[PDB]
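Enquirer: Residues 1 to 28, 54 to 741 in PDB author numbering are what the sequence shown spells out, letter by letter.
Every residue gets a Cβ at the ideal spot worked out from N, C-alpha and C, and that includes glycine.
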Amino acid sequence: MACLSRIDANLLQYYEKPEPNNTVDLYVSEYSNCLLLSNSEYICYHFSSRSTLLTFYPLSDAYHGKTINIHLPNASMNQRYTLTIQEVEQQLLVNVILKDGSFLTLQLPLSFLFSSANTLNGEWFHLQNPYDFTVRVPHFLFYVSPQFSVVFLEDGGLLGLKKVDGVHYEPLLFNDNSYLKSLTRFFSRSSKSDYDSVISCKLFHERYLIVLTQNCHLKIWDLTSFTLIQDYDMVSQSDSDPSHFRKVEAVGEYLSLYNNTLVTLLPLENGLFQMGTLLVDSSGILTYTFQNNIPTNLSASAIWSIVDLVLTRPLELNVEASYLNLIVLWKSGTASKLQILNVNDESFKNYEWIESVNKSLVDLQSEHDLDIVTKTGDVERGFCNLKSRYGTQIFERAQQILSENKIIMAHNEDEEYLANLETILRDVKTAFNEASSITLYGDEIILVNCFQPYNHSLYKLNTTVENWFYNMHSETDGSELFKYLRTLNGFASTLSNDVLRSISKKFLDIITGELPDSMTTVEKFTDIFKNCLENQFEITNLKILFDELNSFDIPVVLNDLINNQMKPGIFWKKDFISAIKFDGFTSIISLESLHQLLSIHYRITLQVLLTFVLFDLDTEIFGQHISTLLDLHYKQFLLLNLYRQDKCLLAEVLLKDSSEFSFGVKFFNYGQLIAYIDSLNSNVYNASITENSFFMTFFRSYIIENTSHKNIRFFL
């Protein structure tokens, strides 16, 4: 099998505008996330510009709710992990520690986030001070419960802030403040030892707060009486290599807790996953039980540092045996490596590392299907194609870089300006899509929210056809059919990609009658040979091909291809839950997931039909199969042409036919996501050649109602 491929996405690729038409500036990425509420609406927030910008936008399009930019007067006072955002009492509670000694409370009514009909000025902020934070240093903020937070200090000490009136905080002192957390020991290369500079914590039973300090001693404090109950020295000189060691002093995630299973990262080696169970023993004392330790060896050049770690339920992301998946986001430099330690069993001793394959739609299309932008002739066409592939945010930013570095724009005349642009569109999209954080979208599907607002990269599960395709770059086989397709790929890597598309073009004419349907199909295949394969074909490969054909039964292989490998699953409305609102994020990714799949089929269909062009063979029994592949070839190619015409209008027709509601959907499970793509794919193949649902919409919108010459011209 293969591995998870991501999808690049922008929410400003649907809109030809730079920025939301509904925005408001209010005035009182480091981390970003998206929070599912019990309203069942996703609201996204990003924390960027070195703590001087909170960006809230609904993840349901920022042009049907108000963008609210809450511009902070000050940057945060040590760390960018002194932010907690959770929904409290049907108001979105935002807590911010600021550099001036204040504690910021914002109350954003849910109505103001998701309606654009709502501007609000006044009663959206209250700034008040529990204890001056320009004195003793906060480095961590944790929201504990719905009326309790603990702000952990860098010189040790626990300060609870208790909630009054559903908004404001009043300080409640605990007796455990530093001065004497340094009078019960000595030490001389240490000073963090009994100071509670807690770098990660998670709360079990809403009673006991399991805290990891800088030293990564796991200390369990029952905070329903503010007593230390248990102390485990976790660091060891034989569960880990002490020669290899790196300091961790930065607030992030080093404890992960899902169900009662805890994961502790030990800063000895280049990480240790120590797996244990949290169980309460008699006398109401939570005890930690070691189970197993897994050593590991990384590979850097400036030391991999973790970002986040999230223990969750079994994920289907090209696994083979699973009990739990521990997602790990490493970053050193501008490389992020997403890898997933899949533990397959309860022992935790059989594991595999499932790697992330970080190839979008963009990379596979640049690698193979290179003539598609400004390489299809017409500079006017090239220019629109650049817009559609990389959104408004990248597009406008690219104009800025052009002005600094002085490039004279000669758009719509010179092919070479489009190449210059194309390069920039790429460097700016990569910077914008870099990893910041993990968010679980729907509590399963691994979403990386990225630097700068309105940027996300979702990863998807590859289906049987998709797994095979990456296993032709490994040349892995496993049926009679799989072997046939692998041979055909060998021959096609020798032909230029330009010839492969010329042969695709002539197969299309057979369905359109632009090559007459007055010939036998065999004569038309002869036309193809002479025009496209002369002085390109390898003589060697023709014979190898003949030997494979003699070993594998033809009609059998062709039925198998058509009915199980190109065609999608049979799933319809009932397999998926339908949303009660519009959502942009889901409809975009579905489009692109459908698109990807059909691009591989477009090439498969090409490669199989080619054999009939090489040799002069009877197609009186195989004629029935052949007709299907020309039909399938058609539909696959058609969608591609339309996507360049305009990808947004093409999504709108599609969403209606699938959805009960029409427009948008929500996903919370991998089965659901899959079914919905399969339902769209079915709908396309159920369409006729003569009238398409797309053809009708696109024509009416541009051509009849009348729009400027650019939409008329590529539509031609």
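1. So, are the CB atoms of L680 and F686 less than 7 Å apart?
2. List the whole-angstrom C-beta distance separating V404 from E447, where the pair is believed to meet the contact cut-off of C-beta under 8 Å.
3. Look at the alpha carbon of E559 and the alpha carbon of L395, and state the distance between them as a whole number of angstroms.
4. Kindly provide the ranges of any beta strand (DSSP E) runs that are 3 or more residues long and lie completely inside the stretch 350-376, ordered along the chain.
5. Please name the residue in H498, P292, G503, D534 whose C-alpha comes closest to that of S518.
6. Would you call the CB atoms of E505 and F571 closer than 7 Å?
7. What first and last residue would you give for the beta strand (DSSP E) that runs through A460?
8. Which two residues bound the contiguous beta strand (DSSP E) that contains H96?
9. Per DSSP, which one or two residues make a beta bridge with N154?
10. Between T144 and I122, which are expected to be in contact by the criterion C-beta below 8 Å, what is the C-beta distance as a whole number of angstroms?
11. Can you list, in chain order, the residues of its chain with a C-beta nearer than 8 Å to that of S281? Leave out the 5 residues immediately preceding and following it.
12. With distances taken from CA atoms, which of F740, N94, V382, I625 is nearest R725?
13. Contact defined as beta carbons within less than 8 Å: I believe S308 pairs with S330. What is the distance between those atoms, to the nearest angstrom?
14. I believe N343 touches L323 by the beta-carbon criterion, under 8 Å. Please report the beta-carbon distance rounded to the nearest angstrom.
15. Suppose you measure from the CA of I528 to the CA of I553; what does that come to, to the nearest Å?
16. On the premise that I587 lies in contact with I714, defined as a C-beta separation below 8 Å, what is that separation, rounded to the nearest angstrom?
17. Would you call the stretch 665-673 and the stretch 408-425 in contact, with 3 or more CB pairs under 8 Å?
18. Which runs of the beta strand (DSSP E) spanning at least 3 residues fall entirely within the stretch 287-328, listed in chain order?
19. If you draw a straight line from the alpha carbon of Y627 to that of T512, how long is it in whole angstroms?
20. Would you say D25 and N94 are within 7 Å of each other, going by their C-beta atoms?
21. Using C-beta distances below 6 Å, list every residue in its chain close to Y257, excluding the 5 sequence neighbours before and after it, in chain order.
22. Please report the Cβ distance between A423 and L354, rounded to the nearest whole angstrom; I am assuming they are in contact, meaning their Cβ atoms lie under 8 Å.
23. Could you tell me which of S615, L663, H230 sits nearest to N285, measuring between CA atoms?
24. Whole angstroms is fine: what's the gap from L117's alpha carbon to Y56's?
25. If we call anything under 7 Å between Cβ atoms a contact, is residue 35 one with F532?
26. For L12 versus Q418, is the C-beta spacing smaller than 7 Å?
27. What residues are listed by DSSP as bridge partners for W246?
28. Which of helix, strand or coil does DSSP assign to residue 742?
29. Of all the options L61, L198, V582, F212, which has the alpha carbon lying nearest to the alpha carbon of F251?
30. For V175, write down the residues that DSSP places opposite it in a beta bridge.
31. For the stretch 636-646 against the stretch 658-665, are there 3 or more C-beta pairs whose distance is under 8 Å?
32. Mapping the DSSP letters down to three states, classify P20 as helix, strand or coil.
33. From which residue to which residue does the beta strand (DSSP E) around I471 run?
34. Quick test of the definition: if touching needs 3 or more C-beta pairs under 8 Å, does the stretch 9-23 touch the stretch 71-90?
35. As an exercise, report each continuous alpha helix (DSSP H) stretch of at least 4 residues that is fully enclosed by the stretch 599-654, in chain order.
36. In chain order, which alpha helix (DSSP H) runs of at least 4 residues are fully inside the stretch 401-441?
Expert: Looking at the atomic coordinates:
1. Here the question's residue 680 lines up with position 655 in the sequence shown. Here the question's residue 686 lines up with position 661 in the sequence shown. No; because the gap between Cβ atoms is not below 7 Å, this pair is not in contact.
2. Your numbering for residue 404 matches position 379 in the sequence shown. Your numbering for residue 447 matches position 422 in the sequence shown. The beta-carbon distance between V404 and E447, rounded to whole angstroms, is 12 Å. This is too long to meet the 8 Å contact definition.
3. For the purposes of this step, residue 559 is taken as the residue at position 534 of the sequence shown. For the purposes of this step, residue 395 is taken as the residue at position 370 of the sequence shown. Spanning the two alpha carbons is a distance of roughly 22 Å.
4. Within the stretch 350-376, the runs of beta strand (DSSP E) at least 3 residues long that lie entirely inside it are, in chain order, 360-368.
5. Sequence index remark: in the sequence shown, residue 518 carries index 493 (1-based). Out of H498, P292, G503, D534, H498 has the C-alpha closest to the C-alpha of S518.
6. As a first step, residue 505 is located in the sequence shown; it is residue number 480 there, counting from the start. As a first step, residue 571 is located in the sequence shown; it is residue number 546 there, counting from the start. Taking 7 Å as the cut-off, the beta carbon of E505 is found no closer than this to the beta carbon of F571.
7. By one-based count along the sequence shown, residue 460 stands at place 435. Counting along the chain, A460 sits inside the beta strand (DSSP E) bounded by residues 460-466.
8. In the sequence shown, the residue the question calls residue 96 occupies position 71. Counting along the chain, the unbroken beta strand (DSSP E) around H96 starts and ends at 92-96.
9. Here residue 154 is taken as the residue at index 129 of the sequence shown, counted from 1. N154 is not bridged to any residue.
10. Counting from 1 along the sequence shown, the entry for residue 144 is found at position 119. Counting from 1 along the sequence shown, the entry for residue 122 is found at position 97. No, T144 and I122 are not in contact; Cβ-Cβ is about 28 Å, not under 8 Å.
11. Here the question's residue 281 lines up with position 256 in the sequence shown. Excluding the 5 residues flanking it on each side, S281 has same chain C-beta neighbours closer than 8 Å at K227, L287, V288, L334, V335, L336, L351, in chain order.
12. Position 700 of the sequence shown, counting from 1, holds the residue named residue 725. Of the listed residues, the one whose Cα sits closest to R725 is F740.
13. As a first step, residue 308 is located in the sequence shown; it is residue number 283 there, counting from the start. As a first step, residue 330 is located in the sequence shown; it is residue number 305 there, counting from the start. Not confirmed; about 39 Å, so no contact.
14. The sequence position of residue 343 within the sequence shown is 318, counting from 1. The sequence position of residue 323 within the sequence shown is 298, counting from 1. Between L323 and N343 the Cβ distance is about 22 Å, and since that is not below 8 Å, they are no contact.
15. Here residue 528 refers to the residue found at position 503 when the sequence shown is read from its first residue. Here residue 553 refers to the residue found at position 528 when the sequence shown is read from its first residue. Note on geometry: alpha-carbon atoms of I528 and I553 lie some 6 Å from one another.
16. Sequence index remark: in the sequence shown, residue 714 carries index 689 (1-based). Sequence index remark: in the sequence shown, residue 587 carries index 562 (1-based). Between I714 and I587, the beta carbon gap of about 17 Å keeps them out of contact (Cβ cut-off 8 Å).
17. Yes, they touch.
18. Runs found: 297-306, 310-320.
19. As a position in the sequence shown, residue 627 is number 602, starting the count at 1. As a position in the sequence shown, residue 512 is number 487, starting the count at 1. Whole-angstrom Cα-Cα distance: 17 Å.
20. The residue labelled residue 25 in the question sits at position 25 within the sequence shown. The residue labelled residue 94 in the question sits at position 69 within the sequence shown. Yes. Within cutoff.
21. Walking along the sequence shown from the start, residue 257 turns up at place 232. Taken in chain order, the residues that qualify are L243, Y313.
22. Looking up residue 423 in the sequence shown gives position 398. Looking up residue 354 in the sequence shown gives position 329. With a Cβ gap of about 28 Å, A423 and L354 do not count as contacting.
23. In the sequence shown, the residue the question calls residue 285 occupies position 260. When each option's Cα is compared against that of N285, the closest is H230.
24. The residue you call residue 117 lines up with position 92 of the sequence shown. The residue you call residue 56 lines up with position 31 of the sequence shown. Note on geometry: alpha-carbon atoms of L117 and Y56 lie some 18 Å from one another.
25. No atoms of residue 35 appear, because in the chain residue 28 is followed directly by 54.
26. Counting from one through the sequence shown, the residue named residue 12 turns up at place 12. Counting from one through the sequence shown, the residue named residue 418 turns up at place 393. Yes.
27. Translated into positions along the sequence shown, residue 246 becomes position 221. Its beta-bridge partners are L234, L253.
28. Residue coverage of the chain in this structure runs from 1 to 741, which leaves residue 742 outside it and unanswerable.
29. Counting from 1 along the sequence shown, the entry for residue 251 is found at position 226. Check the Cα spacing between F251 and each of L61, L198, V582, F212: the tightest is with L198.
30. Along the sequence shown, read from residue 1 onward, the residue named residue 175 stands at position 150. According to DSSP, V175 bridges with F167, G185.
31. Cβ pair count under 8 Å is below three, so no.
32. Sequence index remark: in the sequence shown, residue 20 carries index 20 (1-based). Reduced to three states, the DSSP call for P20 is coil.
33. By one-based count along the sequence shown, residue 471 stands at place 446. Its beta strand (DSSP E) spans residues 470-475.
34. The answer is yes - the stretch 71-90 touches the stretch 9-23, with three or more Cβ pairs under 8 Å.
35. Runs found: 609-634, 636-639.
36. Fully enclosed alpha helix (DSSP H) runs of 4 or longer: 404-414, 417-429.
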